[PDB]
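Beneath this line is the structure, given in structure tokens, with notes to follow.
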């Protein structure tokens, strides 16, 4: 199988040729080759979400992430059309660096490579057509904390059915749980 | 000009609890404030609380229960050994039956019963009863 | 109260205010305890039951006994929930 | 409150929560940098460049558009001012007051105000010395300050 | 009121306060497409503008800087944009 668009660490292409092939007959399409041949993906997951629903996550290099962000809605529309019954999200590959403890000549860890910043950026990239307008993290009496994220109320018609997939994906690849709301206009 | 955010947070909690109010807005937020509130909330003295994220230092809206008397702070963080914890317990707490001293130790921010359980000392943050 | 054997060592257990959750002391003569009658769902007659609220003297001196009793009545299904 | 006034004024800018560039702004990063370069060659300060770009170009914050700040852009292009702009303006104000004061010698209010301005200059210069923006031998000399400013 | 809810205020109370002292601070200013008669292009004047802005094509004054808000010149349509 032609796997030309998937750079990796070195090796792993774990039967996820489906996304590469799908992009490959998203070749010869309408007005999408001016902005798709030069940029590619790193990895893809087919995690379980909610009930029997399935969502697929696509990991992208960061400058290539911004270049996906400019054309994401069209590509995700027909790629969901091909992969019927599943939801597609685009996430960067973010490279968290560990916190330096008291244990040769290491460099200063960038603030964007911290886990807090990475989780914030992941939450921002996960919901792309809508914009985050607030955060209402709440400690519920047990030491456990639930995050509540407010979306921009201008893409509610576009994205209101994916919120449980967003919650499942964010629980899967970050570990904490979120809810999504659409407040009245500010 | 505001040298201590924990002092102002606990003063606001104390004043609004004495006024009989049901919620408090704590204006500058920090994780020391959150750990102190988590100790206070695990011991049953306050209710739920919610952190409001603006891209500056946040804000906290705390739900009060009516079970709080005094939640003051100790203004220099005096370093406390396990030998001297009894002295601080007698000076600060109303009895030997209830009330907690919140220390910060290398094992985390915790009350004094847990600090004696885990055989550690630290710097004293404050008290509540 | 509740010494280690288990029995209760207290003269009595004092009331707590239903608004501010403070102890209503034995010499607090500004503190009320008021029952509000219930009615049946079909004809609105008094059916012999009531709900009880206690307010301490400090709340009743602030001027907040009205709003507190109104909120307690919201919480207990008395009159409206949408008033 | 104020450093050298009895004012407890509260008036400032309130930046919004959303850091994203608005969709209507049809200006990319590099041509915004080019506007910055043109205005800076025209002889403007970074405050003035930001004010003009906000007022008549739609750029509310260049940090959200370009990714960094105005003085960093000017420094990377190699045309940032040799003195910091706030120290420059404080020295300009000090020179104006000193010239007025030498022609009007009975203005004790201006003498008091000049003391305040020069105290602010010295505190600011000590800060810039610790951050290696100024040379360690830099010193505000009143006698040669006018040739540096205006 | 002892039970004011501090984290769900009504939008009128939110608009009424200072631009700080809100739960999340937000500016009272905006941008707008200013169109002058006799030209075809639009300009993106800031609401609280301090510059005397000029249309680049026809050298005419669009807004005059005042104490708080730019005062637009004689009749010119303006459309507040993205709210």
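Chains as they are written, first to last, in the entry's author numbering: chain H, 5 to 107, 111 to 193; chain W, 2 to 130; chain V, 1 to 83; chain N, 2 to 151; chain b, 2 to 84.
All residues carry an ideal CB built from backbone N, CA and C; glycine is no exception.
| request: Assess, as a yes-or-no matter, whether the segment 70 to 90 of chain H is touched by the segment 114 to 124 of chain H under the definition of 3 or more beta carbon pairs within less than 8 Å. | output: Taking 8 Å as the limit for Cβ pairs, the verdict is that the segment 70 to 90 of chain H does not touch the segment 114 to 124 of chain H.
| said: Does the CB of residue 40(H) have a neighbour CB from chain W at under 8 Å? | reply: Interface annotation, residue 40(H): not in contact with chain W, CB-CB separation never under 8 Å.
| Are at least three pairs of beta-carbons, each pair with one atom in the segment 162 to 176 of chain H and one in the segment 9 to 28 of chain W, less than 8 Å apart? | No, the segment 162 to 176 of chain H is not in contact with the segment 9 to 28 of chain W.
| request: Tell whether a beta-carbon distance below 8 Å holds between residue 45(b) and residue 56(b). | output: Contact flag unset, no.
| query | Ordered along the chain, which non-local residues of its own chain (more than five positions away) have a Cβ less than 6 Å from that of residue 83(W)? | reply | In the same chain as residue 83(W), and ignoring 5 residues on each side of it, the C-beta atoms closer than 6 Å to its own belong to 122, in chain order.
| message | Using CA atoms only, rank isn't needed, just tell me which of 62(N), 16(N), 148(N) and 96(N) is closest to residue 119(N). | response | The candidate whose alpha carbon is nearest that of residue 119(N) is 96(N).
| query | According to a CB-to-CB cut-off of less than 7 Å, which residues of the segment 48 to 76 of chain W neighbour chain b? | reply | Within the segment 48 to 76 of chain W, those residues whose Cβ lies closer than 7 Å to any Cβ of chain b are, in chain order, 51, 53, 55, 60 and 62.
| Any contact of the segment 64 to 78 of chain V with the segment 40 to 47 of chain V, i.e. 3+ C-beta pairs under 8 Å? | Per the Cβ contact rule, the segment 64 to 78 of chain V is not in contact with the segment 40 to 47 of chain V (fewer than 3 Cβ pairs under 8 Å).
| said: Looking at the secondary structure, which residues open and close the beta strand (DSSP E) in which residue 186(H) lies? | reply: Start and end: 185 to 188.
| field | Where residue 59(b) falls, given that 16 or more other Cβ within 10 Å makes a residue buried | value | Of the residues assessed, residue 59(b) falls on the exposed side of the cut-off, its CB having fewer than 16 other CB atoms within 10 angstroms.
| said: By DSSP's criteria, residue 73(b) is part of a beta bridge. Which residues make up the other side? | reply: Note: residue 73(b) sits in a beta bridge opposite 64(b).
| request: Using a cut-off of 9 Å between C-beta atoms, extract the partners of residue 27(b) located in chain H. | output: Simply 193.
| query | Listing by chain order, which chain H residues have their CB less than 7 Å from the CB of residue 21(N)? | reply | Here the neighbours are 138.
| query | If we count the other Cβ atoms within 10 Å of its Cβ and call it buried at 16 or more, is residue 34(N) buried or exposed? | reply | So residue 34(N) ends up on the buried side.
| request: Apply the 10 Å Cβ neighbour rule to residue 64(V) and answer buried if 16 or more other Cβ atoms are within range, or exposed otherwise. | output: With 16 or more other Cβ atoms within 10 Å, it is buried.
| request: Could you check how far apart the C-beta atoms of residue 142(H) and residue 156(H) are, in whole angstroms? I think they sit under 8 Å. | output: Residue 142(H) to residue 156(H), Cβ: 6 Å. Contact.
| task | Determine the closest residue to residue 41(N) out of 129(N), 79(N), 65(N) and 16(N), with distance taken between C-alpha atoms. | result | Ranked by how close their Cα comes to the Cα of residue 41(N), the residues 129(N), 79(N), 65(N) and 16(N) have 79(N) in first place.
| field | Where residue 46(W) falls, given that 16 or more other Cβ within 10 Å makes a residue buried | value | Under a 10 Å Cβ-count criterion, residue 46(W) is classified as buried, with 16 or more other Cβ atoms of the shown protein chains found around its own Cβ.
| query | To the nearest angstrom, how far is it from the Cα of residue 1(V) to the Cα of residue 90(W)? | reply | Their backbone Cα atoms lie some 22 Å apart in a straight line.
| Using DSSP with H/G/I as helix, E/B as strand and the rest coil, what is residue 78(W)? | Residue 78(W) sits in coil when the DSSP states are folded into three classes, being neither helix nor strand.
| What residue from 46(N), 94(N) and 7(N) has the CA that sits closest to residue 73(N)'s CA? | If we check each option's Cα against that of residue 73(N), 46(N) comes out closest.
| Under 8 Å by beta carbon: chain W residues contacting residue 20(V) | Those are 21 and 67, listed as they occur along chain W.
| field | Residues that residue 18(N) contacts on chain H, provided the C-beta gap is smaller than 8 Å | value | Chain H residues near residue 18(N): 140 and 141.
| query | Is residue 32(b) close to chain N, meaning its C-beta is less than 8 Å from at least one C-beta of that chain? | reply | With 8 Å as the cut-off, residue 32(b) counts as an interface residue toward chain N.
| message | Within 8 Å, do at least three Cβ pairs link the segment 55 to 69 of chain N to the segment 16 to 33 of chain N? | response | Between the segment 16 to 33 of chain N and the segment 55 to 69 of chain N there are three or more inter-stretch CB-CB distances shorter than 8 Å, so the stretches are counted as touching.
| Touching or not, the segment 176 to 184 of chain H and the segment 122 to 139 of chain N, by the rule of three or more beta carbon pairs under 8 Å? | Fewer than three Cβ pairs drawn from the segment 176 to 184 of chain H and the segment 122 to 139 of chain N lie within less than 8 Å of each other, which leaves the two stretches out of contact.
| message | Let me make sure I understand the geometry here. Which of 127(H), 18(H) and 44(H) has the alpha-carbon closest to that of residue 8(H)? | response | The shortest C-alpha separation from residue 8(H) is found at 44(H).
| Cβ-based burial, residue 55(N) [other Cβ within 10 Å; buried from 16] | It counts as buried.
| query | What distance in whole Å lies between the Cβ atoms of residue 18(V) and residue 60(V), which are believed to be in contact at a cut-off of 8 Å? | reply | Rounded to whole angstroms, the Cβ separation of residue 60(V) and residue 18(V) is 12 Å, and the two are not in contact under 8 Å.
| query | Which residue spans inside the segment 39 to 105 of chain H form an unbroken alpha helix (DSSP H) run of at least 4? | reply | With a minimum length of 4 residues, the continuous alpha helix (DSSP H) runs that stay inside the segment 39 to 105 of chain H are 66 to 73 and 76 to 86.
| Boundaries (first-last residue) of the alpha helix (DSSP H) holding residue 88(W) | Unbroken alpha helix (DSSP H) run through residue 88(W): 86 to 93.
| said: Excluding the 5 residues flanking residue 69(W) on each side, which residues of the same chain have their C-beta closer than 6 Å to its C-beta? | reply: Closer than 6 Å at the Cβ level, and outside the excluded window around residue 69(W), lie 18 and 46.
| Pick from 93(W), 22(W), 58(W) and 79(W): whose alpha carbon is nearest that of residue 86(b)? | This structure does not reach residue 86(b), given that chain b is present from 2 up to 84, and the question cannot be answered.
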